[PDB]
Amino acid sequence: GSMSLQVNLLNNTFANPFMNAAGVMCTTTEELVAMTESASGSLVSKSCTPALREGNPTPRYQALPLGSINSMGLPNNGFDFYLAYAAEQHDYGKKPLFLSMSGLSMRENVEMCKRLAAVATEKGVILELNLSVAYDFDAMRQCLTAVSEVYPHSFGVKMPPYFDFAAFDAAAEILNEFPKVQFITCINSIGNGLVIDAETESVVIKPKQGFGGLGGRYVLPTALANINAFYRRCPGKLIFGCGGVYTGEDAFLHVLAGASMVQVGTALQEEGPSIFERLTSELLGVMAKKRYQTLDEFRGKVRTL
Amino acid sequence: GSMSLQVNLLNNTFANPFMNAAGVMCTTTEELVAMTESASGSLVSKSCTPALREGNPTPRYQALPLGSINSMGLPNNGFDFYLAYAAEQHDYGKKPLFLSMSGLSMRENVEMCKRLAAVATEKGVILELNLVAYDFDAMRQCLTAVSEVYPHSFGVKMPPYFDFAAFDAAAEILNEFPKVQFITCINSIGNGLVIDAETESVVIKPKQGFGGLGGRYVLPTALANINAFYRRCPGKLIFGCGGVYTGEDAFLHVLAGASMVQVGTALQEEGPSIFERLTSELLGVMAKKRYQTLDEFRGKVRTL
Ligand SMILES: Cc1cc2nc3c(=O)[nH]c(=O)nc-3n(C[C@H](O)[C@H](O)[C@H](O)COP(=O)(O)O)c2cc1C
Ligand SMILES: Cc1cc2nc3c(=O)[nH]c(=O)nc-3n(C[C@H](O)[C@H](O)[C@H](O)COP(=O)(O)O)c2cc1C
């Protein structure tokens with residue numbers, strides 16, 4: 001039987017649902033080019049601030065048997081750099097491009113969005129706004145109101161994980177007020193875990209006394225929960241999954257929970273962009289064994305008891 | 001060299017830091033007896049409500065490669081039952097006893113505490129109050145209400161927090177209450193969703209498959225919370241809970257700041273015999289590292 005990983009959304013066609021997670025292998029020109037050349041369906045640029053940032057002292061990332069911990073500190077080449085990539089360099093013939101934005105204040109987001117507008121219009125780059133801010137529902141509302149007010153396009157929002165239905169309801173209520181928010185990416189890292197190495201009797205990253213965001217196998221059930229929670233509560237919007245994807249089977253779970261696109265962080269950091277060839281092959285293999293032809297056939301169809 | 005896992009706190013001596021996590025293998029008389037007969041340093045009774053509760057429909061617990069997911073729904077024998085165990089049955093000669101309380105309202109906790117007071121005085125049972133803790137005003141009000149009617153030290157079981165603003169706010173509140181002498185970190189990571197790829201379904205019945213996560217999933221979160229409160233509440237002790245399967249895991253809890261170490265998922269899967277293994281393993285770890293007592297490394301995790 002004929003089978004396809006194609007995704008159609010945001011006025012774009014994607015060969016497959018896979019892309020990098022913001023922050024992973026998408027900071028430099030070489031990384032952005034490598035992502036574009038890869039088998040991924042899309043890519044997103046490193047979350048940017050108005051000016052270049054060095055980020056936190058090293059070590060600031062550690063791979064772990066069950067995932068990763070990091071406190072990168074937003075090291076990035078600055079907004080001008082990513083805007084120029086989107087405007088002059090990216091080959092839109094190959095795949096669509098998302099640009100991740102993480103201003104350190106409302107003002108910074110407003111000023112960057114005003115400049116992004118023209119490039120989105122002319123080239124088709126799509127904004128993923130990083131709110132992970134989102135544990136303060138008032139700050140989240142203010143951020144979104146400001147961006148919505150000045151940015152004349154649809155966009156998406158990258159969310160931190162929530163852990164109770166009251167939070168899911170409060171966040172969904174806010175997101176649903178903004179028609180321009182067309183996708184929601186669930187999730188950013190599980191915040192402020194602490195990895196201790198028994199051998200060294202020490203933490204494993206330098207910033208913040210060793211506290212850092214968790215990714216990888218640790219976060220998969222939390223990611224699936226958030227994907228599904230917002231899938232249910234925001235029926236007018238698309239959900240992008242992010243968290244714990246190492247295999248085609250993991251990706252299948254994201255889609256079953258409601259994901260349209262599937263982002264890959266920790267596993268990509270460890271394996272490099274060749275991972276996308278493996279993931280597409282594996283996801284097709286999973287669909288073959290389960291007798292599915294397209295993603296629409298099972299997206300959001302997780303069975304409850 | 002002579003080693004010791006002894007812990008001394010709240011006017012009690014504990015043979016070792018290990019105990020069950022509230023909710024795991026401590027609902028029935030049979031379970032409470034088995035925990036008392038085990039090699040554990042202590043035990044805590046199932047979180048209780050004023051009256052018995054049947055809990056949520058089954059399946060409501062599932063063991064997983066990396067831990068567990070559950071939505072039990074507070075199935076418990078009711079406060080009178082656990083009070084009677086504490087008052088009339090428990091052999092305090094064997095080990096100290098904690099009683100976990102989880103009223104569904106502030107008034108319920110107040111009324112239970114008024115009655116617990118006399119038994120705490122007479123027999124020495126220690127309250128672990130299951131916290132409402134994502135709402136700091138509510139938490140302060142609850143602790144005020146309980147403190148007013150309960151003339152003893154007690155501890156609080158906390159959900160995990162995920163940022164320093166929350167660690168700071170929670171710590172500030174707990175520090176307002178001198179009667180709160182220990183903080184247990186952590187309860188489950190809330191409302192995860194496990195999906196079985198084979199069945200294309202969730203694995204528990206209540207709440208559309210959403211449930212609390214325990215086990216390997218939660219260890220770095222538990223360590224973070226243990227250490228965050230260890231640092232911010234220097235006048236209190238911290239009890240660790242989350243992701244303990246081995247003596248090495250316990251070693252990490254203690255390095256982060258834990259005095260007692262609670263075992264949930266791993267105990268559910270292995271039974272009370274786990275405590276013999278854990279005491280043996282922790283002593284092995286300590287011998288390899290040349291530590292004789294837990295005081296020598298409690299809270300001493302090195303930062304970079
Ligand atoms: C080294 C590193 C850098 C990251 N940078 C960003 C970032 O700039 N913006 C962002 O929204 N998320 C960032 N994240 C979070 C990832 O996008 C992703 O949400 C998280 O790692 C969970 O996915 P995973 O389990 O596939 O790693 C970063 C994660 C890592 C490990
Ligand atoms: C089946 C089950 C029942 C539980 N019941 C309670 C409870 O009644 N009160 C409570 O404070 N925590 C309860 N918990 C949470 C545990 O006490 C513990 O905080 C959590 O499982 C993390 O520890 P672990 O990683 O060792 O499982 C329960 C956990 C499980 C799996």
# chains A, B, ... in the order shown; residues from 1 in each chain; ligands from 1
>>> residues_around(residues="segment 82-93 of chain B", least_positions_apart="4", cutoff="9 Å", atoms="only C-alpha atoms", output="PyMOL selection string")
chain B and resi 27+29+32-33+36+45-46+48+77-78+97-100+115-116+119-120+122-125
>>> write_last_selection(atoms="N, CA and C atoms", output="mmCIF file, in the first residue's frame")
data_model
loop_
_atom_site.group_PDB
_atom_site.id
_atom_site.type_symbol
_atom_site.label_atom_id
_atom_site.label_comp_id
_atom_site.auth_asym_id
_atom_site.auth_seq_id
_atom_site.Cartn_x
_atom_site.Cartn_y
_atom_site.Cartn_z
ATOM 1 N N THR B 27 -2.014 0.769 53.129
ATOM 2 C CA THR B 27 -3.437 1.081 53.233
ATOM 3 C C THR B 27 -4.153 0.185 54.254
ATOM 4 N N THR B 29 -4.378 -3.070 57.300
ATOM 5 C CA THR B 29 -3.656 -3.533 58.478
ATOM 6 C C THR B 29 -2.496 -4.436 58.071
ATOM 7 N N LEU B 32 0.416 -2.377 56.804
ATOM 8 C CA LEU B 32 1.072 -1.623 57.867
ATOM 9 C C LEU B 32 1.937 -2.544 58.724
ATOM 10 N N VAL B 33 1.412 -3.728 59.041
ATOM 11 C CA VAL B 33 2.184 -4.728 59.780
ATOM 12 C C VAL B 33 3.437 -5.171 59.009
ATOM 13 N N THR B 36 6.009 -2.561 59.167
ATOM 14 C CA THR B 36 6.592 -2.530 60.507
ATOM 15 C C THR B 36 7.580 -3.693 60.699
ATOM 16 N N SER B 45 1.476 5.839 57.027
ATOM 17 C CA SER B 45 0.184 5.273 56.625
ATOM 18 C C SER B 45 -0.387 5.996 55.399
ATOM 19 N N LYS B 46 -1.241 5.306 54.642
ATOM 20 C CA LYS B 46 -1.913 5.883 53.469
ATOM 21 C C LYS B 46 -2.606 7.206 53.784
ATOM 22 N N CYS B 48 -5.060 9.861 54.386
ATOM 23 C CA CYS B 48 -6.440 9.595 54.804
ATOM 24 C C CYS B 48 -7.366 10.787 54.670
ATOM 25 N N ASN B 77 -8.848 3.803 54.109
ATOM 26 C CA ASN B 77 -9.784 3.263 55.100
ATOM 27 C C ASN B 77 -10.464 4.303 55.979
ATOM 28 N N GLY B 78 -10.068 5.560 55.823
ATOM 29 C CA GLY B 78 -10.612 6.654 56.614
ATOM 30 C C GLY B 78 -9.763 6.940 57.839
ATOM 31 N N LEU B 97 6.374 5.859 63.663
ATOM 32 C CA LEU B 97 5.277 5.829 62.701
ATOM 33 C C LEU B 97 4.895 7.230 62.281
ATOM 34 N N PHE B 98 4.757 7.429 60.967
ATOM 35 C CA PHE B 98 4.154 8.644 60.435
ATOM 36 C C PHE B 98 2.740 8.339 59.951
ATOM 37 N N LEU B 99 1.849 9.307 60.132
ATOM 38 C CA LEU B 99 0.478 9.217 59.631
ATOM 39 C C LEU B 99 0.288 10.300 58.571
ATOM 40 N N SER B 100 -0.049 9.896 57.342
ATOM 41 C CA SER B 100 -0.290 10.871 56.272
ATOM 42 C C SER B 100 -1.746 11.278 56.215
ATOM 43 N N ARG B 115 -8.267 15.707 66.615
ATOM 44 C CA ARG B 115 -8.341 14.372 67.190
ATOM 45 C C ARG B 115 -6.992 13.654 67.204
ATOM 46 N N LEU B 116 -6.162 13.921 66.198
ATOM 47 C CA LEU B 116 -4.835 13.331 66.148
ATOM 48 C C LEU B 116 -3.969 13.805 67.321
ATOM 49 N N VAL B 119 -3.311 11.518 70.348
ATOM 50 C CA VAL B 119 -2.579 10.303 70.025
ATOM 51 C C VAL B 119 -1.104 10.615 69.736
ATOM 52 N N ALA B 120 -0.845 11.744 69.084
ATOM 53 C CA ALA B 120 0.536 12.190 68.893
ATOM 54 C C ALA B 120 1.211 12.384 70.254
ATOM 55 N N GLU B 122 0.310 11.018 73.220
ATOM 56 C CA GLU B 122 0.376 9.778 73.985
ATOM 57 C C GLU B 122 1.286 8.708 73.395
ATOM 58 N N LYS B 123 1.287 8.577 72.069
ATOM 59 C CA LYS B 123 1.963 7.458 71.420
ATOM 60 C C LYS B 123 3.171 7.874 70.575
ATOM 61 N N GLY B 124 3.212 9.133 70.149
ATOM 62 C CA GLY B 124 4.363 9.637 69.395
ATOM 63 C C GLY B 124 4.264 9.579 67.871
ATOM 64 N N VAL B 125 3.112 9.169 67.338
ATOM 65 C CA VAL B 125 2.884 9.217 65.879
ATOM 66 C C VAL B 125 3.152 10.632 65.349
#
>>> interface_residues(of="chain A", to="chain B", cutoff="7 Å", atoms="only C-alpha atoms", output="mmCIF file with N, CA, C and O atoms, in the first residue's frame")
data_model
loop_
_atom_site.group_PDB
_atom_site.id
_atom_site.type_symbol
_atom_site.label_atom_id
_atom_site.label_comp_id
_atom_site.auth_asym_id
_atom_site.auth_seq_id
_atom_site.Cartn_x
_atom_site.Cartn_y
_atom_site.Cartn_z
ATOM 1 N N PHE A 163 1.132 20.791 34.592
ATOM 2 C CA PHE A 163 1.052 19.561 35.380
ATOM 3 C C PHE A 163 -0.267 19.410 36.119
ATOM 4 O O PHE A 163 -0.402 18.532 36.970
ATOM 5 N N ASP A 164 -1.233 20.259 35.784
ATOM 6 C CA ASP A 164 -2.574 20.122 36.349
ATOM 7 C C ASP A 164 -3.613 20.670 35.399
ATOM 8 O O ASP A 164 -3.316 21.523 34.559
ATOM 9 N N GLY A 191 11.425 22.111 33.615
ATOM 10 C CA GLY A 191 12.349 23.094 34.200
ATOM 11 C C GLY A 191 13.053 22.694 35.476
ATOM 12 O O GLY A 191 12.508 22.006 36.335
ATOM 13 N N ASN A 192 14.300 23.136 35.586
ATOM 14 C CA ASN A 192 15.008 23.107 36.855
ATOM 15 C C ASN A 192 15.052 21.761 37.562
ATOM 16 O O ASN A 192 14.820 21.672 38.763
ATOM 17 N N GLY A 193 15.377 20.716 36.800
ATOM 18 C CA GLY A 193 15.798 19.444 37.416
ATOM 19 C C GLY A 193 17.224 19.586 37.921
ATOM 20 O O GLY A 193 17.905 20.556 37.602
ATOM 21 N N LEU A 194 17.674 18.618 38.704
ATOM 22 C CA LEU A 194 19.039 18.634 39.232
ATOM 23 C C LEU A 194 19.644 17.247 39.077
ATOM 24 O O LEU A 194 19.204 16.292 39.717
ATOM 25 N N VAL A 195 20.625 17.132 38.192
ATOM 26 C CA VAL A 195 21.313 15.866 37.998
ATOM 27 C C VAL A 195 22.550 15.862 38.885
ATOM 28 O O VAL A 195 23.314 16.825 38.888
ATOM 29 N N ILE A 196 22.720 14.788 39.650
ATOM 30 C CA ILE A 196 23.896 14.608 40.513
ATOM 31 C C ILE A 196 24.620 13.343 40.058
ATOM 32 O O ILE A 196 23.996 12.299 39.877
ATOM 33 N N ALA A 198 26.871 10.406 40.936
ATOM 34 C CA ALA A 198 27.221 9.706 42.168
ATOM 35 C C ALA A 198 28.726 9.546 42.317
ATOM 36 O O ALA A 198 29.235 9.574 43.435
ATOM 37 N N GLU A 201 30.141 13.049 43.137
ATOM 38 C CA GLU A 201 29.391 13.711 44.207
ATOM 39 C C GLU A 201 29.142 15.185 43.894
ATOM 40 O O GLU A 201 29.159 16.039 44.775
ATOM 41 N N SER A 202 28.886 15.466 42.622
ATOM 42 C CA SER A 202 28.706 16.842 42.182
ATOM 43 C C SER A 202 27.578 16.945 41.177
ATOM 44 O O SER A 202 27.133 15.942 40.624
ATOM 45 N N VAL A 203 27.122 18.173 40.953
ATOM 46 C CA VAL A 203 26.234 18.464 39.825
ATOM 47 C C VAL A 203 27.020 18.351 38.512
ATOM 48 O O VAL A 203 28.248 18.163 38.517
ATOM 49 N N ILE A 205 26.267 20.410 35.494
ATOM 50 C CA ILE A 205 26.391 21.655 34.749
ATOM 51 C C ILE A 205 26.728 22.800 35.696
ATOM 52 O O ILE A 205 26.419 22.748 36.896
ATOM 53 N N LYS A 206 27.370 23.828 35.146
ATOM 54 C CA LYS A 206 27.876 24.941 35.940
ATOM 55 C C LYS A 206 26.859 26.015 36.363
ATOM 56 O O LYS A 206 26.845 26.413 37.519
ATOM 57 N N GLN A 209 23.815 26.561 40.044
ATOM 58 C CA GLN A 209 24.054 25.502 41.019
ATOM 59 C C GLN A 209 23.717 24.099 40.498
ATOM 60 O O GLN A 209 23.490 23.186 41.280
ATOM 61 N N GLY A 210 23.699 23.933 39.179
ATOM 62 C CA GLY A 210 23.479 22.612 38.585
ATOM 63 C C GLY A 210 22.053 22.366 38.122
ATOM 64 O O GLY A 210 21.769 21.336 37.503
ATOM 65 N N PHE A 211 21.164 23.305 38.430
ATOM 66 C CA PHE A 211 19.752 23.196 38.025
ATOM 67 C C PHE A 211 19.584 23.547 36.548
ATOM 68 O O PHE A 211 20.114 24.551 36.064
ATOM 69 N N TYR A 218 13.147 11.312 29.897
ATOM 70 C CA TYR A 218 12.506 11.812 31.110
ATOM 71 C C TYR A 218 11.153 12.467 30.839
ATOM 72 O O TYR A 218 10.257 12.429 31.697
ATOM 73 N N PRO A 221 6.180 11.246 28.775
ATOM 74 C CA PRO A 221 4.773 11.260 29.244
ATOM 75 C C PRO A 221 4.260 12.675 29.530
ATOM 76 O O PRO A 221 3.090 12.978 29.295
ATOM 77 N N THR A 222 5.139 13.564 29.983
ATOM 78 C CA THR A 222 4.722 14.948 30.195
ATOM 79 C C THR A 222 4.434 15.629 28.863
ATOM 80 O O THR A 222 3.480 16.389 28.741
ATOM 81 N N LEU A 224 3.510 14.121 25.998
ATOM 82 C CA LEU A 224 2.259 13.558 25.478
ATOM 83 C C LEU A 224 1.048 14.164 26.193
ATOM 84 O O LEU A 224 0.038 14.457 25.557
ATOM 85 N N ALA A 225 1.159 14.365 27.506
ATOM 86 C CA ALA A 225 0.049 14.952 28.278
ATOM 87 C C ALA A 225 -0.267 16.358 27.784
ATOM 88 O O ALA A 225 -1.431 16.716 27.588
ATOM 89 N N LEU A 253 3.574 8.082 18.802
ATOM 90 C CA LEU A 253 2.860 8.437 20.030
ATOM 91 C C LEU A 253 2.506 9.927 20.056
ATOM 92 O O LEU A 253 1.392 10.284 20.417
ATOM 93 N N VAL A 302 -5.812 8.737 20.041
ATOM 94 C CA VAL A 302 -5.506 7.938 21.219
ATOM 95 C C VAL A 302 -6.802 7.498 21.913
ATOM 96 O O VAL A 302 -7.701 8.305 22.128
ATOM 97 N N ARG A 303 -6.900 6.209 22.226
ATOM 98 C CA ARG A 303 -8.102 5.657 22.853
ATOM 99 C C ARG A 303 -8.055 5.800 24.372
ATOM 100 O O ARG A 303 -7.070 5.421 25.000
ATOM 101 N N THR A 304 -9.120 6.341 24.957
ATOM 102 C CA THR A 304 -9.255 6.358 26.413
ATOM 103 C C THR A 304 -10.064 5.154 26.891
ATOM 104 O O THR A 304 -10.784 4.527 26.103
ATOM 105 N N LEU A 305 -9.951 4.839 28.176
ATOM 106 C CA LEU A 305 -10.608 3.661 28.737
ATOM 107 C C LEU A 305 -11.856 4.046 29.530
ATOM 108 O O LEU A 305 -12.289 5.193 29.564
#
>>> atom_distance(atom1="atom 2 (C, counted along the ligand's line) of ligand 1", atom2="atom CA of residue 220 of chain A")
16.2 Å
>>> atom_distance(atom1="atom CA of residue 41 of chain A", atom2="atom CA of residue 19 of chain A")
5.9 Å
>>> select_by_dssp(residues="segment 88-152 of chain A", states="strand (DSSP E or B)", output="mmCIF file with N, CA and C atoms, in the first residue's frame")
data_model
loop_
_atom_site.group_PDB
_atom_site.id
_atom_site.type_symbol
_atom_site.label_atom_id
_atom_site.label_comp_id
_atom_site.auth_asym_id
_atom_site.auth_seq_id
_atom_site.Cartn_x
_atom_site.Cartn_y
_atom_site.Cartn_z
ATOM 1 N N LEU A 97 10.523 27.204 6.707
ATOM 2 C CA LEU A 97 11.378 27.627 7.809
ATOM 3 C C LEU A 97 10.577 28.302 8.918
ATOM 4 N N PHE A 98 10.831 27.882 10.162
ATOM 5 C CA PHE A 98 10.338 28.579 11.343
ATOM 6 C C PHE A 98 11.476 29.365 11.976
ATOM 7 N N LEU A 99 11.144 30.530 12.517
ATOM 8 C CA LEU A 99 12.109 31.358 13.237
ATOM 9 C C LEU A 99 11.643 31.447 14.689
ATOM 10 N N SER A 100 12.479 31.007 15.638
ATOM 11 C CA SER A 100 12.113 31.083 17.053
ATOM 12 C C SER A 100 12.589 32.373 17.675
ATOM 13 N N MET A 101 11.710 33.008 18.438
ATOM 14 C CA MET A 101 12.035 34.300 19.031
ATOM 15 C C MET A 101 11.878 34.231 20.532
ATOM 16 N N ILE A 126 7.953 31.470 9.267
ATOM 17 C CA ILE A 126 6.872 31.400 10.255
ATOM 18 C C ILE A 126 7.430 31.557 11.668
ATOM 19 N N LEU A 127 6.829 32.449 12.449
ATOM 20 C CA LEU A 127 7.288 32.717 13.813
ATOM 21 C C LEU A 127 6.834 31.644 14.810
ATOM 22 N N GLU A 128 7.779 31.126 15.597
ATOM 23 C CA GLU A 128 7.479 30.344 16.804
ATOM 24 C C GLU A 128 7.946 31.195 17.984
ATOM 25 N N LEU A 129 6.998 31.716 18.750
ATOM 26 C CA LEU A 129 7.317 32.617 19.857
ATOM 27 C C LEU A 129 7.520 31.812 21.138
ATOM 28 N N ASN A 130 8.716 31.932 21.720
ATOM 29 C CA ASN A 130 9.090 31.189 22.922
ATOM 30 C C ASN A 130 8.604 31.880 24.187
#
>>> atom_distance(atom1="atom 2 (C, counted along the ligand's line) of ligand 1", atom2="atom CA of residue 62 of chain A")
9.7 Å
>>> decode(residues="segment 262-290 of chain A", atoms="N, CA and C atoms", output="mmCIF file, in the first residue's frame")
data_model
loop_
_atom_site.group_PDB
_atom_site.id
_atom_site.type_symbol
_atom_site.label_atom_id
_atom_site.label_comp_id
_atom_site.auth_asym_id
_atom_site.auth_seq_id
_atom_site.Cartn_x
_atom_site.Cartn_y
_atom_site.Cartn_z
ATOM 1 N N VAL A 262 6.463 17.149 14.580
ATOM 2 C CA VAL A 262 7.142 16.470 15.681
ATOM 3 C C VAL A 262 8.579 16.973 15.712
ATOM 4 N N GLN A 263 8.940 17.625 16.811
ATOM 5 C CA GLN A 263 10.259 18.216 16.948
ATOM 6 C C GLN A 263 11.165 17.300 17.750
ATOM 7 N N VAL A 264 12.453 17.344 17.422
ATOM 8 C CA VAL A 264 13.449 16.436 17.993
ATOM 9 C C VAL A 264 14.617 17.243 18.566
ATOM 10 N N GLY A 265 14.835 17.126 19.877
ATOM 11 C CA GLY A 265 15.892 17.893 20.559
ATOM 12 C C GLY A 265 17.075 17.025 20.953
ATOM 13 N N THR A 266 17.011 16.480 22.161
ATOM 14 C CA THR A 266 18.095 15.686 22.742
ATOM 15 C C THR A 266 18.617 14.609 21.784
ATOM 16 N N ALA A 267 17.717 13.832 21.186
ATOM 17 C CA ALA A 267 18.149 12.763 20.281
ATOM 18 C C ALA A 267 18.932 13.302 19.083
ATOM 19 N N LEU A 268 18.519 14.466 18.580
ATOM 20 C CA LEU A 268 19.209 15.119 17.470
ATOM 21 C C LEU A 268 20.572 15.634 17.936
ATOM 22 N N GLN A 269 20.617 16.221 19.129
ATOM 23 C CA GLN A 269 21.886 16.698 19.678
ATOM 24 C C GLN A 269 22.914 15.566 19.717
ATOM 25 N N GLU A 270 22.452 14.372 20.054
ATOM 26 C CA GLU A 270 23.345 13.236 20.206
ATOM 27 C C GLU A 270 23.710 12.551 18.886
ATOM 28 N N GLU A 271 22.818 12.613 17.902
ATOM 29 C CA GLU A 271 22.959 11.805 16.690
ATOM 30 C C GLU A 271 23.301 12.618 15.440
ATOM 31 N N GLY A 272 22.953 13.897 15.445
ATOM 32 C CA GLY A 272 23.148 14.745 14.270
ATOM 33 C C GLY A 272 22.009 14.615 13.273
ATOM 34 N N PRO A 273 21.994 15.479 12.244
ATOM 35 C CA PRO A 273 20.865 15.583 11.310
ATOM 36 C C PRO A 273 20.576 14.317 10.511
ATOM 37 N N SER A 274 21.497 13.359 10.522
ATOM 38 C CA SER A 274 21.237 12.067 9.882
ATOM 39 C C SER A 274 20.059 11.358 10.560
ATOM 40 N N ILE A 275 19.716 11.795 11.772
ATOM 41 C CA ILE A 275 18.630 11.158 12.516
ATOM 42 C C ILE A 275 17.312 11.210 11.746
ATOM 43 N N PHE A 276 17.143 12.215 10.895
ATOM 44 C CA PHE A 276 15.852 12.407 10.236
ATOM 45 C C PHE A 276 15.580 11.334 9.193
ATOM 46 N N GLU A 277 16.639 10.842 8.559
ATOM 47 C CA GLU A 277 16.499 9.699 7.650
ATOM 48 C C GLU A 277 16.033 8.465 8.421
ATOM 49 N N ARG A 278 16.613 8.242 9.599
ATOM 50 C CA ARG A 278 16.221 7.125 10.446
ATOM 51 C C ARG A 278 14.778 7.283 10.935
ATOM 52 N N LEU A 279 14.419 8.483 11.393
ATOM 53 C CA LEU A 279 13.083 8.686 11.947
ATOM 54 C C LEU A 279 11.967 8.529 10.918
ATOM 55 N N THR A 280 12.176 9.045 9.705
ATOM 56 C CA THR A 280 11.165 8.902 8.653
ATOM 57 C C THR A 280 11.001 7.423 8.314
ATOM 58 N N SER A 281 12.124 6.718 8.195
ATOM 59 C CA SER A 281 12.101 5.291 7.894
ATOM 60 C C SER A 281 11.361 4.517 8.980
ATOM 61 N N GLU A 282 11.676 4.827 10.235
ATOM 62 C CA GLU A 282 11.050 4.139 11.354
ATOM 63 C C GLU A 282 9.558 4.442 11.445
ATOM 64 N N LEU A 283 9.174 5.699 11.241
ATOM 65 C CA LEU A 283 7.764 6.057 11.377
ATOM 66 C C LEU A 283 6.949 5.372 10.283
ATOM 67 N N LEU A 284 7.487 5.355 9.066
ATOM 68 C CA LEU A 284 6.838 4.614 7.983
ATOM 69 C C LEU A 284 6.738 3.120 8.306
ATOM 70 N N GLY A 285 7.770 2.574 8.937
ATOM 71 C CA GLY A 285 7.782 1.172 9.348
ATOM 72 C C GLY A 285 6.708 0.880 10.376
ATOM 73 N N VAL A 286 6.563 1.774 11.354
ATOM 74 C CA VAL A 286 5.499 1.656 12.346
ATOM 75 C C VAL A 286 4.117 1.711 11.691
ATOM 76 N N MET A 287 3.930 2.647 10.768
ATOM 77 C CA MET A 287 2.654 2.797 10.078
ATOM 78 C C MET A 287 2.354 1.573 9.215
ATOM 79 N N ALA A 288 3.381 1.049 8.556
ATOM 80 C CA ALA A 288 3.220 -0.177 7.753
ATOM 81 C C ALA A 288 2.701 -1.355 8.573
ATOM 82 N N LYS A 289 3.341 -1.625 9.707
ATOM 83 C CA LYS A 289 2.952 -2.730 10.582
ATOM 84 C C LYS A 289 1.549 -2.535 11.143
ATOM 85 N N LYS A 290 1.143 -1.282 11.321
ATOM 86 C CA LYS A 290 -0.167 -0.987 11.891
ATOM 87 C C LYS A 290 -1.215 -0.721 10.825
#
